[PDB]
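The first residue of the sequence shown is numbered 1, and numbering continues consecutively from there. In listed order, ligands and their atoms are each counted from 1.
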Amino acid sequence: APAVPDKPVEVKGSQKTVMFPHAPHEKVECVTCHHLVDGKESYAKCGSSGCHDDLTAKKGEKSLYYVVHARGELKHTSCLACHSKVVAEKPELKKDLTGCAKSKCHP
Ligand code: HEC
Ligand code: HEC
Ligand code: HEC
Ligand code: HEC
């Protein structure tokens, strides 16, 4: 694989950018997030062309918002899906990991 980013990286939506830190995710398998595509590894940006390249819609597979924020049933684990499980076990982190405002994603 390519080297994991060693600093927070931009995740660009259509109007907001959220910084994503790899370090707290070191125990998460890369493929949880960088899931296989057509049975092959890929580490391309989630919003690249042909992937989750609808940066304005809130719903549906092509939506970057949806694959980040859906709490619902998805074929891969979303940020908010996993974080909901983490905060169940570490409730002190509820706002940090799941808040829509004043969270670590949206400070
Ligand atoms: C989800 C919790 C992740 C885990 C686990 C890993 N990465 Fe990641 N990575 C993730 C995101 C949301 C992003 C930003 C993507 C975007 O569209 O902006 C990244 C980015 C990278 C990159 C750079 C991609 C690019 O700019 O072309 C690389 C090379 C990368 N990630 C590698 C990587 C590896 C090797 C991991 C396991 C050691 C790994 N990531 C875990 C989300 C997540
Ligand atoms: C294009 C090569 C992609 C890249 C890069 C990323 N994703 Fe993706 N994703 C892609 C497809 C073709 C699909 C549908 C088939 C499948 O593998 O399930 C998905 C699916 C997801 C999902 C589930 C969506 C749903 O069930 O509606 C999630 C949560 C998801 N992808 C997340 C995700 C993230 C966070 C990515 C960057 C780290 C990412 N994908 C890259 C195609 C592609
Ligand atoms: C589980 C499979 C995860 C997925 C998918 C994502 N995150 Fe996560 N995140 C996870 C853990 C276990 C932790 C650490 C909690 C703890 O016990 O401390 C985190 C933490 C973050 C943070 C906070 C980091 C800090 O400020 O100290 C951020 C900003 C964060 N995660 C963002 C994030 C995003 C944007 C994700 C989807 C692209 C995402 N996480 C996925 C576990 C998991
Ligand atoms: C980190 C785990 C996040 C938490 C908690 C919340 N959001 Fe978020 N949000 C996150 C990312 C990685 C991004 C950028 C990628 C994308 O387009 O989704 C965003 C962006 C938004 C936006 C702007 C969308 C755009 O196209 O610019 C909105 C309006 C937004 N987020 C809403 C939102 C709400 C309502 C939240 C509480 C449920 C929330 N976010 C939490 C990552 C994270």
Side-chain angles (χ1 to χ4, degrees):
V4 70
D6 58 16
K7 285 171 217 68
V9 295
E10 309 158 293
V11 190
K12 292 190 181 181
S14 65
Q15 313 182 87
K16 305 179 176 297
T17 293
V18 164
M19 301 302 287
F20 169 76
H22 278 83
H25 298 98
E26 285 173 18
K27 269 89 173 133
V28 176
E29 297 178 346
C30 318
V31 74
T32 296
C33 300
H34 297 287
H35 60 77
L36 298 182
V37 176
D38 294 343
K40 321 164 149 223
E41 283 159 35
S42 174
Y43 293 83
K45 289 180 177 159
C46 322
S48 34
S49 324
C51 300
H52 306 288
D53 66 1
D54 187 333
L55 308 196
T56 52
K58 297 279 202 72
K59 276 84 125 245
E61 184 266 337
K62 306 279 324 191
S63 167
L64 190 59
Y65 183 94
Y66 188 63
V67 302
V68 163
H69 299 90
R71 172 199 14 203
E73 299 51 81
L74 305 190
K75 321 244 147 188
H76 299 291
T77 301
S78 71
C79 319
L80 269 287
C82 181
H83 283 190
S84 296
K85 301 167 200 264
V86 174
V87 309
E89 295 170 4
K90 300 187 59 171
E92 62 282 7
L93 299 182
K94 178 176 170 88
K95 188 166 208 164
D96 280 354
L97 298 189
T98 68
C100 311
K102 302 115 224 191
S103 62
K104 294 298 190 180
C105 303
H106 295 302

Does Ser78, backbone or side chain, put an N or O under 3.5 Å from an N or O of ligand 2? no
Under a 4.0 angstrom heavy-atom cut-off, which atoms of ligand 1 come close to [X]?
{"X": "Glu10", "result": "18 (O)"}
{"X": "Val28", "result": "5 (C)"}
{"X": "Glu29", "result": "5 (C)"}
{"X": "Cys33", "result": "1 (C), 2 (C), 3 (C), 4 (C), 5 (C), 42 (C), 43 (C)"}
{"X": "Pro2", "result": "29 (C), 35 (C)"}

Does any N or O of ligand 1 fall below 3.5 Å from an N or O anywhere on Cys46, backbone included? yes
Using a plain distance cutoff, I'd like to know if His25 has any nitrogen or oxygen under 3.5 Å from a nitrogen or oxygen of ligand 1. no
Ligand 1 versus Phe20: contacting region, heavy-atom distance under 4.0 Å: side chain
Where's the contact between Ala3 and ligand 1, heavy-atom distance under 4.0 Å: side chain, backbone, both or neither? backbone
Taking [atom1] in [X] as the centre, count heavy atoms belonging to other residues, nucleotides or ligands within less than 6.0 Å. Is the count above 12?
{"X": "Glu29", "atom1": "CD", "value": "no"}
{"X": "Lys62", "atom1": "NZ", "value": "yes"}
{"X": "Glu61", "atom1": "CD", "value": "yes"}

If you measure from each heavy atom of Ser48 to ligand 2, is any distance below 4.0 Å? no
In the protein, which heavy atom is nearest to [atom], and how far is it?
{"atom": "atom 17 (O) of ligand 4", "answer": "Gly13 CA, 3.2 Å"}
{"atom": "atom 37 (C) of ligand 4", "answer": "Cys100 SG, 1.8 Å"}
{"atom": "atom 24 (C) of ligand 4", "answer": "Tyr65 CD1, 4.2 Å"}
{"atom": "atom 12 (C) of ligand 2", "answer": "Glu61 OE2, 3.8 Å"}
{"atom": "atom 20 (C) of ligand 4", "answer": "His106 CE1, 3.5 Å"}
{"atom": "atom 42 (C) of ligand 4", "answer": "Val68 CG1, 3.6 Å"}
{"atom": "atom 14 (C) of ligand 4", "answer": "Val11 O, 3.6 Å"}
{"atom": "atom 27 (O) of ligand 4", "answer": "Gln15 N, 2.8 Å"}
{"atom": "atom 26 (O) of ligand 2", "answer": "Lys75 N, 2.9 Å"}
{"atom": "atom 13 (C) of ligand 4", "answer": "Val18 CG2, 3.5 Å"}
{"atom": "atom 15 (C) of ligand 2", "answer": "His76 NE2, 4.9 Å"}
{"atom": "atom 6 (C) of ligand 2", "answer": "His35 NE2, 3.5 Å"}

Hey, could you give me the [atom1]/[atom2] distance between [X] and [Y], rounded to the nearest 0.5 Å?
{"X": "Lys45", "Y": "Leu64", "atom1": "NZ", "atom2": "CG", "answer": "12.0 Å"}
{"X": "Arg71", "Y": "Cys82", "atom1": "CZ", "atom2": "SG", "answer": "15.0 Å"}
{"X": "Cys30", "Y": "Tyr43", "atom1": "SG", "atom2": "OH", "answer": "4.5 Å"}
{"X": "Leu80", "Y": "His69", "atom1": "CG", "atom2": "NE2", "answer": "6.0 Å"}

With a cut-off of 2.8 Å, does any N, O or S atom of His52 fall short of it relative to atom 8 (Fe) of ligand 2? yes
Quick check: closest heavy atoms across [X] and [Y], and the distance to 0.1 Å?
{"X": "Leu93", "Y": "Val87", "result": "O-CG1, 3.7 Å"}
{"X": "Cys51", "Y": "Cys46", "result": "CB-O, 3.5 Å"}
{"X": "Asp53", "Y": "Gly50", "result": "OD2-N, 2.7 Å"}
{"X": "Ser78", "Y": "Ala70", "result": "OG-O, 2.6 Å"}
{"X": "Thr77", "Y": "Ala81", "result": "CG2-CB, 4.2 Å"}

Among the N, O or S atoms that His69 has, which is closest to atom 8 (Fe) of ligand 4? NE2
Distance filter under 4.0 Å to [X] heavy atoms, resulting ligand 2 atoms:
{"X": "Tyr66", "result": "27 (O)"}
{"X": "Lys45", "result": "5 (C)"}
{"X": "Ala44", "result": "5 (C)"}

Let me see the working for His106 and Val18 under side-chain contact (heavy atoms from CB on, under 4.5 Å), right down to the final yes or no. CA-CA 7 Å; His106 295 302; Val18 164; 3.4 Å; yes
Looking at ligand 4, does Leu64 have a heavy atom less than 4.0 Å from it? yes
I'd like to know whether ligand 4 has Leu97 as a neighbour, heavy-atom separation below 4.0 Å. yes
Where does the angle between the aromatic ring planes of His35 and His52 fall among parallel (under 30°), tilted (30 to 60°) and perpendicular (over 60°)? perpendicular
Tell me the nearest of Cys30, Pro5, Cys51 to atom 28 (C) of ligand 1, using heavy-atom distances. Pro5
Given side chains that start at C-beta, do those of [X] and [Y] come closer than 4.5 Å, heavy atoms only?
{"X": "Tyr66", "Y": "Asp54", "answer": "no"}
{"X": "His22", "Y": "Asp6", "answer": "no"}
{"X": "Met19", "Y": "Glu10", "answer": "yes"}

Does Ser14 reach ligand 4 with a nitrogen or oxygen that is under 3.5 Å from one of the ligand's nitrogen or oxygen atoms? yes
Can you confirm, on distance only, whether ligand 4 has an N/O atom lying under 3.5 Å from any N/O atom belonging to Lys16? yes
Answer yes or no for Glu26: is there a heavy-atom contact with ligand 1 below 4.0 Å? no
Tell me if a side-chain donor or acceptor on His83 pairs with a main-chain N or O of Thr98 at a distance below 3.5 Å. no
Is there a path of hydrophobic side-chain contacts, each under 4.5 Å between heavy atoms, that joins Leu55 and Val67? yes
Atom indices of ligand 4 within 4.0 angstrom of [X] heavy atoms, with elements:
{"X": "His83", "value": "2 (C)"}
{"X": "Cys105", "value": "1 (C), 2 (C), 3 (C), 4 (C), 5 (C), 42 (C), 43 (C)"}
{"X": "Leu55", "value": "26 (O)"}

Output field for angle at atom 8 (Fe) of ligand 1, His34.NE2 vs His22.NE2, rounded to 10°, should show 180°
Once you restrict to heavy atoms under 4.0 Å, what part of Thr56 touches ligand 4? Side chain, backbone, both or neither. neither
